[PDB]
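Submitted below is the structure of interest, expressed as C-alpha cells.
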C-alpha cells in the first residue's frame, strides 16, 4: 500500500513503566488497524500500551471489535 | 491549537523577544480584516449542508465506481461515513478560517488522515476531488456580493482556498 | 521487581536448585550490612530537597543555554518538570538502595526514559550531568562521619554510586 | 443554567408565547447596563485573593473556635478546604453576576452544599458569616469610584448583594 | 483505620495536647505485649482453613435446616458464600488483633453486615453461632502451650475474644 | 492557550459542531478588544526597561533584606540582581503576550503553570513578584480599555501568586 | 514478589513518596528475621532428600491407593512415584525460597498461583500434598524463629490447599 | 495514616489476604522502634516550651524583618508573635505524634496536606518554618534511635516545605 | 432526557457538559483537562491536595505513555483511591463507589455485588478494579480515550432501577461521595438484596426535603 511503519528496533521499543505497568512491570505495545463497525474511532491505525495483567483483556477487546493486530512487542 | 495571534506569540517567546512594531502592525491589519473573516465563516456555515450534498452528488456522478456494489461508498454505512467525512473536513476548514491559523485543521483533522484512508482502503484521490468541489462552492458562496457590505475579500478568499488546498493535499 | 534476596531466588528457581551455602553466606553478609544500608537511605531521603535543588542550580549555572528563552528548561512548566525528573530519579535510586537491587530503578524509572527525552527534545546529556551532580552530593551526605556510629560504608557507597551511574547512562 | 436572556426565554417557551414588547425593552435596559456588569465582574475577580484571605482572617478572628485544635478549620487540610470553599463561593457569585441570573449559583454551587456541611459537620452558620464578610469587601471594591468612568452602579451592586445573600442563606 | 498507637494520637490532636506520661506508659505496656500479639495472629492465620471448615461443619450439624433444600446455605453458590463470609470475618478479626484496634473490623467487615443479611434473609443468629464456633477454636489454638515460649497471654486472649464477640453481636 | 478564538473553536469542536452565532459574537468581542491590546503591548514594550528597573527597585525598597542578605535566592550580588531583573522582565514580556493574544493563555502556559514548585524549590518569595507587578500597574501609564485589560493580566498574576 | 522490601517500595512508589521511617522499620523487621530464615533454609536444604523421601512415603502410607491404582495421576509405577517425589521437592525447595526472601512471594509466584487448575486438570488430590507438608513440618527439626517462619510458609501452602 | 501496622494491614486488605510473615516482620520492626519513639516523644514533650520559644527566636534572628515589619503575616506585634509560637508548637506536637505512631501519618494528615495553600494564602514563608525545624533538630538533645527517628520527621517536614 | 427536573435533580450541570476526550496528538491543555476531569470523577469530587496528586501518573498521561483508560486505572488502583474508598468501607459500599466512579452509574442487581465481592475476595482489589475498566460496558461508553462520566440519560441496556439508584449515590454538584448524609454506610445493600427502589430525593438547596432518610 506504499506506506511506512514505525521503527521499534534496539531500545526504541521501550516505554516508561512507572506505577502503571502492573505486577510484572512490563508494557506491551499493540499496533492495530481499526474501523468503526461504541465510541468514535479517530484513526484507522492505533497503538495501545497495556500491562501483562490486562494483555488478555485487551486482545479480546480488539477481537470483539473486529480490528486487526499488526504487531505486538514488549515495551 | 494556535490562532493568528497566539502563533506570533509562541514564536516570540521562543526567542525571548517582545513583538516588534512591525509584528504588532501586521496583527492590526489582521484585526481590520475581522468582519470579512467572520462573514466568510458565517456564509460557509449557513450553506454547509448544501455544500456537502452538492459536492457528494457531483463526486459520485463523475466517479460512479465509488457507489457501485463493492465500491468504497456503497452500502448505507459507508455512504454515511463518506458524507460525514466531507462534513468533517468542511467544518475544520471553517475552524481554520475562524482562527486564522491552520493548526486546528492540521492537528485535529488532517494529521493521520491519509494513513487512515490507505489503511482502510478509502480512495484518497476521490476524497481530494470531493474537497475541491466543496472548495469551489464555498468560495463562490463567500464571494457573493448580494446582501452584504461591499468590499475586497480577496485576501480572505485566498486564505480559505489555501485551507481547502491543504485538505485536498493531505488526503491525496 | 527484585530485592537483594529475591534476585538470588529467581536465578535459583530457573535452575531448579536450592541456594548453595556460598549464596546463603553471601546473603548473610548482606544482612550484616543492613544497618548501613538503612542509614544511607535515611540520609539521602533526609536531604532530598537540597540534593535536587543544589544540583539543579549547578546544572543551570554550567549549562546556561537550558534556561535561556527557548531553552529546554525555560518557562515554569518545563522547569517544574525538570526539577520533578531530578527528584524522581533520586527517589528511585533510593528505592534501589533500599531493596539492594537495581530492578526497581531499571524497570520502573529508566526503561524507555531515553526515548521519552529524545522525542521531547530533552537533552539527555544534561540530565546525566544533573544526575551526576546529585550523585556526588548524595555520596558526601552518605559518607558524613558526624552524628552516626562510625564504620566502613565503602561497599554501600559503591553500590549507590552504581545506581546513580546506571541512571546517568540510561538517559545520556 | 440560565443567563438573564434565557431566563425570560424559558418562561416564555413554557407559556408558548413570544416575548412581549415590555420584556424586550427590559432586556434592552439590561444591555445598557452591560458595561457596569462587566466592570463589577472584573473588579471582584481582580481582587479575589484579597477578598478571600481578608474575609477568612476576619472570620477566624471573630470565631477562634474554628481554628483551635479540634475546630473544623484546624489542620492544614481542613483549613485549605475551608479557603477553597470561600474561593468557590466567590467564584460562582461572579458567574451569577456575569450571567445576570442566580441559576448557576443554584444549579452548581448551592446544589447539595447543605448536605455536604451537615454530613461533614462544617458549621454552616460560620460559612454564612464568611460569605457575609466577602460580600462587604466585594461591594466596596465594585463601588470604588477611582480609576473608572463615573456612573451609578447601585442596581448592579444590589444584584450582587443578592447573590451573596443567596449563598449565605443556602448554608445558614 | 487506626492502630493502637494512632487511636491515642488522633484523640490527642483533637484536644491539642501532647500525650501524657500515663498515655505513653500505656503504649509502652502495649509494646511489651507485641510478641504475644504477633504469635496469636500467626497461630490463628496458620489454622485459618481448619477453623473455618470445622466451624462450618459443626454449624450445619447443629443447624441442619441451613443445608436442607431451600435452606439458606443450600446450593453450591450459597454454601460458597457462607464459607467465604466465615473466612472474611476471621480475616478481619486477625487484622484487629494485629493493629490492636477494632476500627478495621468495624469499618470493613461489620458496618452494614446486619443490613445485608437482613435484606437477603441470611440468618444472622446462625452466622453468630458460626462466629462463636470459630472463637472457641481460635482461642484454643492461641492458648496452646506446646511449641512456644511459655508466658501469660490472658490479656491478648481476652482482646481477641472481644473482637469475636463484637463480630457475633454485629450480626445476631 | 486561553484566548477568545481558541476557546470558541475548542468548545465547538468538543460538541462536534460548526461555529454558530455564539462563536461569531466571541470573535466580535475579540475585534472590539484587539486594537487596545496591541497598543497596550506597544506602550509596555517601549517602556519595558524603565518599568523593569523601576519594578526591581520597588521590590528592593519594600524588602531591603533581599539586597542585604547573602544567599542564592537573594539579590545581595549582581548575580542575584540580574536574576531578579530577568524574572521581572519575564513577567512584563509575557503580559504583553496576553495583550496580543487577548487572554491569559501566555501567562498560563509560559509562567503560571509550575510557578509554585519553582518558588518553593528555589526559596523565592511570591510577595516579591507581587510588589513588582503592583509597581507595573501603578506606572505603565495606560488608559481606557488598554489599562483595563493590562491590569486584568497583572492582577491575574498577582492572584496566582497569592 | 511479596517480600517486605519490595512491598514497602511498591507502596511508597504508588504515593510518589520517598521512603520514610515506616519503610525503614520494615527493613529492620526484615533484618531481625533474615538470619533465622537463612539458617532455616540451610537446614532444610541439607536435609532435603530425607524430607522429600520421607514426605513421599508418608503420603503413600496415608493414601495407599496411590501406590496400588493404575492411572496417570497415581504412583503405582515408577513414573508416578518420580512425578510425586519431584512435586514434593518443588514444595520444599520453594519453601526454602520463602525463608530466603522473607515472604510468601516465591510460593505465590512459583507454586500457589494456578495450583488449583493443575490439581483439577490432572486429577491430583490436594490432600496428598497436605500430608506431605504436614510431614515436613513434623520432621524439619527447626526451633525458634526458624521454626516459626518455616511453619508459617508450610501452613500457608496447607491453607491454600484447603 | 502511614504507620507500619496500618500499612501492613492495608496491604493485606488490598490483596484480600490473611497476614503473612511479611506483615509479622513489619510488626517486629515496629516493636524494635516503638520504645525509642516513646522516649523521644516524652523528651520533646517535657522540653516543648523551651524548644518552641527557642525555635521562634531563632526564626526572628534569621529573619529580623518578621519582627520589624507591619503586616498580618509578620510577628512585629504580640498578635503575630503568638501566632508564630502557636505554629511552631503545632509542628513540635505533631512530630511527637509521629514518634508515637511510628510514621509520618500524623504529619501527613494534620500538617502537610494543604500546607502549601495555607502559606500562599496567608503570605507565610516556608523558609521561616524550615529555620524553626532546624533549631529543634539541633536542640532536642536526643541520641541513638530516638534522634534518628525524630530527625527523620523533622527533615520530612523540612523537605515538604522545600 | 432530563429537562424540566434537571436543575432540581442536580443533573443540569452534566446536561451542559460534554465527554472529555483525549484526541490523538493532544495538546498541553487537553492533558490538563483530562487530569482535572479524571480527578473529579474517579475521586468523587473530593478536594485533592497537592501532596495527594499522582504526579507520576499525570506525567505519563501527559507524555502519551498511558492512555486515558490506563490513567483512570492508575488512579483507581492508587493508595489515594484506596484510602478514600476502600480501607474504611463495607465492600458493598466499595462496589457502589466503583460503579459510580468508573462506570458513571449505580449497580443494577445483587448479581453485580456477588461478582465483585467474590472477585475482590479471591483475587484482590486490583483485580476487581480491572473488571470495571476492562468491562464491555466501559468499552462501549468510554473506550480508550474518554474520561468516565455520569450516565443519567437512558441508554441501550439500561434498567429503570439504575436511574432511581443514581440519586442514592449522587447527592448534588456541590458534594462529594465522602460528604453525604449516609456517610460510610452502603446506600444500596437493602435495595439490591430485596430488588427494591426508593422515591428519588433530590439534592439540598433545590429540595427542602433533601435530608429524608428512612430508619433501620
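Of note:
Lettered A, B, C, D, E, F, G, H and I in written order, each chain numbered from 1.
Methods note: a residue touches a chain if its C-beta (ideal position, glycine included) is under 8 Å from a C-beta of that chain, and two chains touch if they have at least 3 such contacts.
Per UniProt, the chains are B, C, D, E = C-phycocyanin beta subunit; F, G, H = C-phycocyanin alpha subunit.
For D-F, the matching interface among the pairs E-H, D-H or C-H, defined by over half of the contact pairs being the same residue numbers, is C-H.
A count of C-beta contacts for the chain pairs A-B and C-H puts A-B on top.
Look at where the CA atoms of subunit C (C-phycocyanin beta subunit) average out and do the same for subunit F (C-phycocyanin alpha subunit): the two points lie 38 Å apart.
Look at where the CA atoms of subunit D (C-phycocyanin beta subunit) average out and do the same for subunit E (C-phycocyanin beta subunit): the two points lie 52 Å apart.
Each chain gets one centre point, the mean of its Cα atoms, and the points for subunit G (C-phycocyanin alpha subunit) and subunit H (C-phycocyanin alpha subunit) are 43 Å apart.
Across the assembly, subunit I contributes residues 23-24, 28, 49-50, 55-56, 59, 63, 65, 78-79, 87, 121, 126 that each touch 2 or more other chains. Contacts with at least two other chains are made by residues 1, 42, 45, 48-49, 53, 75, 77, 81, 84, 108, 112, 116 of subunit C (C-phycocyanin beta subunit). Residues of subunit H (C-phycocyanin alpha subunit) found to touch two or more other chains are 3, 10, 13, 17-18, 20, 24, 27-28, 30, 102, 110, 112-114, 116-117, 121, 152, 156, 159, 162. Contacts from subunit I toward subunit F (C-phycocyanin alpha subunit) in the complex involve residues 18, 21, 28-29, 50. Residues 11-12, 14-19, 21, 25, 27, 75 of subunit A are the ones that touch subunit C (C-phycocyanin beta subunit) when the two sit in their complex.
Interface residues of subunit B (C-phycocyanin beta subunit) facing subunit C (C-phycocyanin beta subunit) in the complex, by the touch rule stated above, are 13-17. Every residue of subunit C (C-phycocyanin beta subunit) that touches subunit I in the complex is listed here, in rising order: 77, 81, 84, 88, 112, 116, 120.
Interface residues of subunit G (C-phycocyanin alpha subunit) facing subunit H (C-phycocyanin alpha subunit) in the complex, by the touch rule stated above, are 2-4, 7-8, 11, 18, 20-22, 24-30, 32-33, 98, 102-105, 149, 152-153, 156, 159.
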